[PDB]
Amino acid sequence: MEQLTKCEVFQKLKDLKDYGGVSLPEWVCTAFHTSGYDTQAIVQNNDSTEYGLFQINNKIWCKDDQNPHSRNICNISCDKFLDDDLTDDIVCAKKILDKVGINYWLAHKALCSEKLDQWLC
């Protein structure tokens, strides 16, 4: 487990700023609600496993031992989303947004719409 600080997340996610119209504060809020800022977070379900800060699944986005038959859209091994370098996690998160949108993370709940200045550092 390696839980980052809100300010650290804000800094590291600088590259996602306004990507797809999503402001930095919104990306920090999404991260807080997805993994609590833990870059090594791993959550398992009956049929899948989600990895890292962005909880990217091994069913469609990355490939791991549990499911070598994953669509592997991000063309990468899921364990790469468990380290300190968020560079590749960001490259993949951009694809998820582009393809499925912010609901991949927010699930139709408006959790990152009001008082967005609270997520600023």
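For every residue, the number given is its place in the sequence shown, counted from 1.
Taking only CA atoms, the mean B-factor in the PDB entry is higher for 93-101 than for the other of 20-28 and 93-101. Between the stretches 79-87 and 30-38, it is 79-87 that shows the larger average CA temperature factor. Per the deposited record, the Cα B-factor of residue 72 falls in the middle third when ranked against the other modelled residues of its chain. Ranked by C-alpha B-factor against the other modelled residues of its chain, residue 2 falls in the highest third. Per the PDB record, residue ranking by Cα B-factor puts residue 58 in the middle third of the chain. In the PDB entry, residue 117 places in the lowest third of its chain by CA B-factor.
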